[PDB]
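Note sheet for the following structure.
Cβ sites come from the backbone with ideal geometry, for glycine too, and all protein chains shown count toward neighbours. What follows draws every value from the coordinates through simple rules; no lab data is involved.
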RNA sequence: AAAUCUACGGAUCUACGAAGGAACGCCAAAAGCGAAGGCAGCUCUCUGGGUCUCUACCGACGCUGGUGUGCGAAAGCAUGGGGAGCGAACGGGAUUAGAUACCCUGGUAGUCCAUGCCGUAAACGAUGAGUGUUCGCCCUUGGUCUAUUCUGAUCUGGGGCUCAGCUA
Ligand SMILES: [K+]
Ligand SMILES: [K+]
Ligand SMILES: [K+]
Ligand SMILES: [Mg+2]
Ligand SMILES: [Mg+2]
Ligand SMILES: [Mg+2]
Ligand SMILES: [Mg+2]
Ligand SMILES: [Mg+2]
Ligand SMILES: [Mg+2]
Ligand SMILES: [Mg+2]
Ligand SMILES: [Mg+2]
Ligand SMILES: [Mg+2]
Ligand SMILES: [Mg+2]
Ligand SMILES: [Mg+2]
Ligand SMILES: [Mg+2]
């Protein structure tokens, strides 16, 4: 991902590059790079733990948004 | 049974009450993230 | 069955070479008792990367498509195109009812 | 709105060579051959699922598969064994139900008799 | 007959425990109709109706909440006319309430009538 | 406890055997027993009207139309769709082709809308 | 109700101090649809009749302890109508004894 | 008779496919018209 | 957002319609997920298979890290005009 | 924390080119398929099974199954190839009171392909196969019908929560 800098504003170019590396999904894959080898029997365990964490976050965000949207829209 | 089946042949008696229609309008994919909705609840809703 | 043969010629191959190779494949089909229903060309295309051969790297190519009704064994003896020097890539696919263009 | 092929005269020899059975796949050939062998063994005119019809189709499928199937492919030879045992079950049914149909099937398809 | 008979009886008990009003049984049999007639006479079901009994049968039964368990035997059980009461004292769980339904030359009877008629046969099942 | 039965039967069985003293509410419960209703097979039938298909399009027909509930009226004054469906049920009631009945109901609804509009115009005239 | 004789202590303004009933009630009339209190459970534990208005989504555990169910949606008009019938019936009974 | 009604409509559908293939046969390629049609396709050179 | 429908995808998805298939790659050259287009699982399977076939045929990039962004119709060469700049500011 | 190792015979780094082997990122997963073991780049050939619809055929032809037969992760064995990366055994450097280990550096058999052998696993849902019945709610794979522009219904497998019921 290449970003041109205009008028010598390096901070704007770096922010644009960071956001584009974010929204292209390449930051997720660049953090998902492994240093060692993991077997499939450990990939299953890590995926299960990921799923449990995701379910807990879904419940938290559901309850938070419900109690926000009850109050905010005239109630 | 007799009377309720009679009164179905009348005006619109199957009208949703205000509370049920308001909950339907309250409800109408996924949600906002926790770190986003918490920032919204940290900035606003303190009144 | 009904096949589409897609060929990607090198950018420097000229009209006589294109006609010679397409006529050779057509004569193959006629010898193996097939029907040629549609020949068409997409002109010069742009590739997503540089295709690398013995001569160098190429970034544009000429696309040809031939529609045929031939034997099921047609792809087994279309394997002489892998060793062809006017070709970049070749691919025989089954026919799909999708408009192209 | 008229397409271009509605002007020129059609070609008869090309549409004749279009449908030559060297241009069709093995599944289409098998469908045609099974539809042929159904009609010899049907009892009624609409009959397509009686026991001797199923036995004739299963014998054709077994004779095709036993030659075509690769030795290293073990996932389809299980289906072939399933075909063999279903044919045995249908013959066992016919031997006590209809002796005429049992004798007709054995004589025409060239199989042997087993009471075991 | 024993598999479908036990099937319909367990359907009846399972729907009794849910507090329902009607049950539908399919496939049916004449033995099953006679068993249901015995249940109606003893007062464990209110009514039963048989529909299309010579092509594809279905039976509708109306329930009232009075039957505790119905069993049909899945094996052969002979009984003579003088073994009925001793067999009944060991078949029913309470040894007082419930009826053993046997099949006889005189028809499909319960255990109290077959003592009076002095005829034995095959035990079909019991309800209590 | 481990007794069986509901409140009235359990209490009656308890006070018959001199286990507990008689509560005060026992006589009122005996004079006015709780209600009973027959068995129901657990099935609820979805209530439907014959005018339902004509009500349907009536939101497409005369597109969105009247609303007499936000305008809190009463649960007896019909709601446009209801009167349109009643007219076409009794209209088609007399043989009349279905689409022709829809046309002649549509025309009279639009004539009613023109009548309402000129009523509002004369309201502004005497205002 | 199950502990109506426990001591109370004065602390502050609080939510105000209130003791239990001196006399055990003979009937409990409930207007709880959100099930905020344990009154049905305590009355079932202490064998007291309960008159309450039942929702379509009432649990079986709470429903089976209700002696006199009144199936309705507790709107303001129906709550008024219910209480009006109760009050008129009670005062008409009270007048028959000269009171 | 219901089987006969279904068997005709399936035979009806198969035949009209062959007729449409027959009237579409006028644009196929003869071996004596191979090179002419190749050159004419190269002249046309449709878009991507 | 851009409106795409499962029926539209099932009619247009082919490895020769590179212009239509370029909707479903990011600037890193990787494939868009299903949840941010709303199409069905069959549509996503067809899209992924056709983009893979086009990548093997050479019409689409395997990855665009270290190269320019892929848009349809122009070259993927690394010419001298990729890094044109300005000097009049200094 | 270091050392062995490697590098002035020019290493690491940077651009282009060549060779060779193995595995197929994004899609992507409480998804899908298979009797189980298992199965992931793409195109073609051949083949096994499954689901839906029918005012189509046939007519109980079904279920389970000792003795038997077949399939069966990985490691291992025999013959012939291949060998990038990883890596039992083994060499060296450290750590320690000792260190036949954990850590570092090299690295053979093996992992890969063709043809055969063995027939075992925490081969696990620690839950044999099959049949009938039992209140619901929320998702989802593949279909079909109806739609009234957004939805309802009915099959098919996969998941989350629960009335009863059961449970030390
Ligand atoms: K299956
Ligand atoms: K079997
Ligand atoms: K649970
Ligand atoms: Mg499965
Ligand atoms: Mg191995
Ligand atoms: Mg070897
Ligand atoms: Mg090591
Ligand atoms: Mg050592
Ligand atoms: Mg090494
Ligand atoms: Mg074992
Ligand atoms: Mg396993
Ligand atoms: Mg077993
Ligand atoms: Mg579905
Ligand atoms: Mg299901
Ligand atoms: Mg419980």
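Every residue, every condition in (1) in contact with a strand residue (DSSP E or B) (Cβ under 7 Å, 6 or more places away or on another chain); (2) away from chain I (no Cβ under 14 Å), yes or no:
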position	(1), (2)
C:26	yes, yes
C:30	no, yes
C:34	yes, yes
C:39	yes, yes
C:47	yes, no
C:61	yes, no
C:79	no, yes
C:87	yes, no
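Among the listed residues F:21, F:82, F:87, which satisfies the condition of being away from RNA strand J (no atom under 12 Å from the Cβ), outside any loop (DSSP other than H, G, I, E, B) and either under 30 Å from residue G:26 (Cα atoms) or away from every other protein chain (no Cβ under 11 Å) (or both)?
Values: F:21 fails: outside any loop (DSSP other than H, G, I, E, B); F:82 fails: either under 30 Å from residue G:26 (Cα atoms) or away from every other protein chain (no Cβ under 11 Å) (or both).
None of the others qualify; the one that does is F:87.
If you take the residues of segment D:94-116 that are within 14 Å of RNA strand J (Cβ to nearest atom) and part of a loop (DSSP other than H, G, I, E, B), which of them is nearest to the other protein chains (Cβ to nearest Cβ)?
Result: D:98.
Do any helices (runs of 4 or more DSSP H) lying entirely in chain I carry at least 2 residues that are in contact with a helix residue (DSSP H, G or I) (Cβ under 7 Å, 6 or more places away or on another chain) and near RNA strand J (Cβ under 9 Å from one of its atoms), and which ones are they? Break it down stepwise before answering.
On the way: elements: I:6-12, I:18-21, I:41-57.
In chain I, I:41-57 are the helices (runs of 4 or more DSSP H) which contain 2 or more residues that are in contact with a helix residue (DSSP H, G or I) (Cβ under 7 Å, 6 or more places away or on another chain) and near RNA strand J (Cβ under 9 Å from one of its atoms).
Determine whether segment A:21-31 contains at least one residue that is within 14 Å of chain I (Cβ to nearest Cβ) and away from RNA strand J (no atom under 16 Å from the Cβ).
no
Considering only residues that are within 9 Å of RNA strand J (Cβ to nearest atom), more than 23 Å from residue F:39 (Cβ to Cβ) and not in a loop (DSSP other than H, G, I, E, B), which ones fall in segment E:8-33?
Within segment E:8-33, none qualify.
Go over the candidates F:64, F:69, F:108 one by one and state the one that is farther than 30 Å from residue G:27 by Cβ and within 12 Å of another protein chain (Cβ to nearest Cβ).
Every option except F:69 fails the conditions.
Among the residues of segment D:65-88, what is the count of those that are part of a helix (DSSP H, G or I) and near RNA strand J (Cβ under 7 Å from one of its atoms)?
Final tally of qualifying residues: 7.
Determine which member of the set D:91, D:14 is in a helix (DSSP H, G or I), within 14 Å of another protein chain (Cβ to nearest Cβ) and either more than 8 Å from RNA strand J (Cβ to nearest atom) or touching a helix residue (DSSP H, G or I) at 6+ places or on another chain (Cβ under 9 Å) (or both). Break it down stepwise before answering.
Numbers: D:91 fails: within 14 Å of another protein chain (Cβ to nearest Cβ).
Being in a helix (DSSP H, G or I), within 14 Å of another protein chain (Cβ to nearest Cβ) and either more than 8 Å from RNA strand J (Cβ to nearest atom) or touching a helix residue (DSSP H, G or I) at 6+ places or on another chain (Cβ under 9 Å) (or both) holds for just one of D:91, D:14, which is D:14.
Please work out if residue F:45 is closer than 26 Å to residue F:117 by Cβ and either within 16 Å of RNA strand J (Cβ to nearest atom) or within 10 Å of chain B (Cβ to nearest Cβ) (or both).
So residue F:45 fails the test.
Go through (1) away from RNA strand J (no atom under 14 Å from the Cβ); (2) within 20 Å of residue D:18 (Cβ to Cβ) one by one and return the number of the condition residue C:34 breaks.
Looking at each condition in turn, residue C:34 falls short on (1).
Can you name the residue in segment C:11-20 that is within 13 Å of the chain's Cα centre (by Cα) and surrounded by fewer than 18 Cβ atoms within 10 Å (Cβ to Cβ) and is also farthest from the other protein chains (Cβ to nearest Cβ) among such residues?
C:17
Quick check on my filter: what residues within segment D:19-30 are more than 10 Å from RNA strand J (Cβ to nearest atom) and out of contact with any strand residue (DSSP E or B) (no Cβ under 7 Å at 6 or more places or on another chain)?
D:19, D:20, D:21, D:22
Any residue at all in segment E:82-99 that's outside any loop (DSSP other than H, G, I, E, B) and over 19 Å from residue E:121 (Cα atoms)? Let's see the steps before the verdict.
Narrowing segment E:82-99 to residues outside any loop (DSSP other than H, G, I, E, B): E:84-91, E:99.
Going one step further and asking which of them are over 19 Å from residue E:121 (Cα atoms), we end up with none.
Within segment E:82-99 (the criterion being outside any loop (DSSP other than H, G, I, E, B) and over 19 Å from residue E:121 (Cα atoms)), the answer is no, since none of the residues qualifies.
Just to verify a result, which residue in segment E:64-73, among those that are closer than 20 Å to residue E:110 by Cβ and in a loop (DSSP other than H, G, I, E, B), is nearest to the other protein chains (Cβ to nearest Cβ)?
Once the filter is applied, the top-ranked residue is E:64.
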